[PDB]
Protein chains: 2
Amino acid sequence: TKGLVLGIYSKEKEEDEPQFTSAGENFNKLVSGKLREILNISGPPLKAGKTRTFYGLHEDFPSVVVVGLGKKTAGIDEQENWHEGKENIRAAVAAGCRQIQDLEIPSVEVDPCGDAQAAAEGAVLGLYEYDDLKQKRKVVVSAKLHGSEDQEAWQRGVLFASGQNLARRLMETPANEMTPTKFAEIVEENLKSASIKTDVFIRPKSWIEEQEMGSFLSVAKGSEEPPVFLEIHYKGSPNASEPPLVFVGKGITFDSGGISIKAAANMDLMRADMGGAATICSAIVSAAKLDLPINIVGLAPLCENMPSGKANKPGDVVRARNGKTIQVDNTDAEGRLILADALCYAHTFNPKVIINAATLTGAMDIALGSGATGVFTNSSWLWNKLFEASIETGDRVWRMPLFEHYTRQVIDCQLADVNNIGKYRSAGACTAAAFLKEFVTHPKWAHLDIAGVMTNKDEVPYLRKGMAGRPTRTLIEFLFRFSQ
Amino acid sequence: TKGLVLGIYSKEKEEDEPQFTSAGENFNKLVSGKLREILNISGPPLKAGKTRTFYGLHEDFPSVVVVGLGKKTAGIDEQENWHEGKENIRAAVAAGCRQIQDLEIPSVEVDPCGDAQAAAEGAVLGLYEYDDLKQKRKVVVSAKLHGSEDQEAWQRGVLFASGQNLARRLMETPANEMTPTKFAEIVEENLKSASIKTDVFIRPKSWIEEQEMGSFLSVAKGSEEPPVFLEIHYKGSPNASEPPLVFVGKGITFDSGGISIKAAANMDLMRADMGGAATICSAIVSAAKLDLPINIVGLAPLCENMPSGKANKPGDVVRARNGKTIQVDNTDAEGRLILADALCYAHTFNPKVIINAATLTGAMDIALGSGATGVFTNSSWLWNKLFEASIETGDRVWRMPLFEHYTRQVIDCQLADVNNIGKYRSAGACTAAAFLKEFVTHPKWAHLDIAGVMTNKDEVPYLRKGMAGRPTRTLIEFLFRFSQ
Ligand SMILES: [Zn+2]
Ligand SMILES: [Zn+2]
Ligand SMILES: [Zn+2]
Ligand SMILES: [Zn+2]
Ligand SMILES: [Zn+2]
Ligand SMILES: [Zn+2]
């Protein structure tokens, strides 16, 4: 019927016993001390992220899962660059919800754990699973707030987590279903449901040609799947003329590498090479849901990178919208090609800031793995804003260098103005970033290389194995704070 | 006979002609305007780092090389994290000196260029070449300050550059000559020449065994070359009891990878796998030369990593000095093994700070290349001190993360307390750093992964192709400022 998730903290030195949250304390009282009694009988105390289940304590809650929240006053961890208490809550609540789901319980009430937004994030991110294409599926669990005192915060958590889950769905869906057109249609419907103060333009190939986006076009042509340039507007500012914030995302729905073909092992994960587009578009959907008082534009060039008799050939020179020529030495360095055109187009909006996201390089994965998203930016103010937002969400960012040292290695080009792969194999994420900078003149630009945080195995406790949708929540938080 | 290097700046908008430095202006006057006249006749102005040679202008200087210094007031570049003017001077002066050397001139006087230390660094780092083992050698050039007004600063530059050149020599020398014993003897003689307030102990294998350094010993045994543990003391503090600063360096004189053998291509560069030891030992020699008022201890475990019938075998478990067990899954991840024992020993000195350097991972090279040394530290105060020092020297540092996220991947171990390679291939530099942290309890520790800055092709203009000796000057600067 109905399950209940309650939290308990680690015992502090002067306490005689570990303390329940307010809800746990109230429930124990409701059952005349039976919860504390049974917890004591069960043995060792619950530590952070651990769970234990007690049956039959109340007729309304046949299964009660108690979860360890760790130290009650855990705040910002100076060494980890995140709010520890929030992370403990997300992990603990996710673990509790997965136990409720294993017991095949369709609905669960969740203890706010002193921070309803974090509790909601743990439950909603934790229960998520992409199973539309399977016969065998786990029970669908409906999680709601236990109590009625922390509603806005709980709902805020549901909203943030839902945005990330939308990104996860888009990334996880196989490329034959999640084509450029399909991705555009799903984003279009989600944005329109979020707010009527939106406009969506799924720009066709003819428009792309009119816009002289030769770099983007060169990538798309190898495949039979039609390319599209998704342009979305959210008019949240009270002043329609207020300069917008522009987000740009790499939308390669499937990357085979092209003529510079990839190895077979785990190439299926490349269905998520559109993660950059997924995260920035989902962030905008969420911003619209929150009705943030700001104008935002989202740009996402979308296409496949396939080998064929029409595909990009190593050595080919293409002309970007801005007139710059690019020597395509490696057709698998295609994300930067489509981004060159989208970044150029972004300047036409005279934006306040330009932020792009892309599952750009394997080098980024070798550099930081799934620990944090690499951020390249010409603005310390912007770096700081993204960094502060990440401490709150727990979806960490780490700064990477934008030095001429790297630029020199990409403009040293045999046939053109810029080469699409560096002179050497070193610092691949840095030279890719340098390539992108040659198409940016804006003073507040940030490039997020999310290749290393594309998937999750078990690193983030509250995300099941699969595409991660990171760092969608950090982007939403940045926008929220920016709007305030 | 004697050559002369003079600088000229880029012309500023309201100037009628580009301005010479004070020395260039004085020389032009000495030759009745002949320098300006000929420079004008030669054509286009000289830009940063470019040079032009004029003959017969003065009987004392048959060859005068004018070098472009760029913008006179170039200060700290916010985007590049270095003092630009100093970098322009080092590059320009090095280029000028190389031209003088090509003309086979044995002595040259160098314009201080508004910053004698930077000019001296450009000349001394710029002319350096390891050619002891060649029949054919370029002319030995003796560079001295032009004038007598900037002596202390010029000499400071010579000292800093000489320290780096010592590191370069140690790194460049072939491993059959630069053995553990030889490296120790060369460092010993250099430290003793620098100051009488020093003690050097080239600890033998019996001492290593007595110290129960099983991890270090396991690496050394595969080779026939005797291992040594170099321990150096510089007693510069007025108070002999003042806690020392401790530097630790990885001294693998040659790394074949061991049983987990390396590929053949460019394996010769592994003669520089002792770069960590070279840089920290050279920094200490320089600190002693400067007679900094501080106590410093240098620790450098030295040995070869070779395959044989006695070598480390994948899966073997070894016991570190601190009692922790380590599963040696990959024998090529040997630097962290010898460092575990040296870092443990470092705590016995009750130091103020512990800084280690190591050409540790190929991942670091993939991460940042030769743009900057990766720094992992549990102290933002220490990060800041190293960062500020690097702005001054131009030998840049960049912070990398020390997160439990990475620790989890190395303590998840089948047979022991810690595994010498991570669970996954991602973030190799980060998991290596996490491994090292398991052997550190000190509150002010920094690990410098210098694998990416081991060599120079043409990235640093003032360093000829070969082993770089980076970031020796940043370490010297840190110590200088610390002492003040
Ligand atoms: Zn997909
Ligand atoms: Zn690709
Ligand atoms: Zn791609
Ligand atoms: Zn050597
Ligand atoms: Zn090795
Ligand atoms: Zn090594």
Side-chain angles (χ1 to χ4, degrees), chain A residues 175 219 249-258 260 262 267 269-277 301-306 312 330-339 358-362 364-365 420-421 432 449-451 454, chain B residues 130 132-133 166-180 182-183 186-187 219 222 250-263 267-279 302-307 312 328 330-339 358-363 420-421 428 432 451 454-455 466-467 469:
Chain A
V219 175
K250 170 186 170 181
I252 293 293
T253 57
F254 189 75
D255 188 12
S256 72
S260 299
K262 292 178 175 300
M267 203 205 303
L269 299 173
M270 293 302 103
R271 66 181 170 275
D273 207 29
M274 36 58 69
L302 295 138
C303 73
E304 293 179 349
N305 191 24
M306 297 290 275
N312 256 160
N330 185 305
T331 68
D332 194 10
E334 88 295 323
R336 70 197 76 177
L337 298 179
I338 79 175
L339 286 174
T359 46
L360 209 66
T361 67
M364 190 65 238
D365 184 89
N420 92 325
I421 39 117
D449 192 336
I450 64 164
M454 190 174 81
Chain B
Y130 177 66
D132 291 2
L133 315 174
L166 174 60
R168 291 169 79 191
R169 167 192 167 192
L170 302 168
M171 290 173 74
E172 197 77 70
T173 301
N176 60 328
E177 171 58 24
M178 191 59 54
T179 62
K182 190 62 175 180
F183 173 99
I186 297 307
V187 170
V219 175
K250 170 186 170 181
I252 293 293
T253 57
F254 189 75
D255 188 12
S256 72
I259 295 299
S260 299
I261 204 166
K262 292 178 175 300
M267 203 205 303
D268 70 275
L269 299 173
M270 293 302 103
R271 66 181 170 275
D273 207 29
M274 36 58 69
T279 57
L302 295 138
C303 73
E304 293 179 349
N305 191 24
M306 297 290 275
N312 256 160
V328 180
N330 185 305
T331 68
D332 194 10
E334 88 295 323
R336 70 197 76 177
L337 298 179
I338 79 175
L339 286 174
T359 46
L360 209 66
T361 67
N420 92 325
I421 39 117
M454 190 174 81
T455 71
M467 303 311 177

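Here is the naming used below: chain letters follow the sequence lines, and residue numbers restart at 1 for every chain. Basis for what follows: all heavy atoms, side chains included, without hydrogens, waters or symmetry-related copies. Whatever order the structure lists them in is the order used to number ligands and atoms, beginning at 1.
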Give a rough value, rounded to 10 degrees, for the angle at the Zn ion (ligand 5) between atoms OD1 of B:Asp332 and OE1 of B:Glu334.
->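 B:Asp332 OD1 and B:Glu334 OE1 form an angle of 120° at the Zn ion (ligand 5).
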
About how large, to 10 degrees, is the angle OD2 of A:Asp273, then the Zn ion (ligand 3), then OD2 of A:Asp255?
->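 Answer comes to 80°, rounded to 10°.
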
Measure from the side-chain N and O atoms of B:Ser256 to the backbone N and O of B:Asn305, and report whether any donor-acceptor pair falls under 3.5 Å.
->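 Yes: the side chain of B:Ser256 pairs with the backbone of B:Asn305.
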
Do the side chains of B:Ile186 and B:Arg169 get nearer than 4.5 Å, heavy atoms only?
->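 A side-chain contact under 4.5 Å exists here.
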
Indicate yes or no: at least one non-hydrogen side-chain atom of B:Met274 is less than 4.5 angstrom from one of B:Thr279.
->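 In short, these two side chains do not touch, never coming nearer than 4.5 Å.
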
If you stand at the Zn ion (ligand 4) and look out to O of B:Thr173 and O of B:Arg271, what angle do those two lines make, to 10°?
->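 For O of B:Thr173 and O of B:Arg271, the angle centred on the Zn ion (ligand 4) reads 120°.
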
Report yes or no: does A:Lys250 have an N/O/S atom closer than 2.8 Å to the Zn ion (ligand 3)?
->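 Looking at A:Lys250, which is the residue asked about, there is an N, O or S atom under 2.8 Å from the Zn ion (ligand 3).
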
Determine, stepwise, if the pair A:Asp273 / A:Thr359 fulfils side chain to side chain donor-acceptor pair (under 3.5 Å).
-> CA-CA 6 Å; A:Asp273 207 29; A:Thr359 46; 2.7 Å; yes

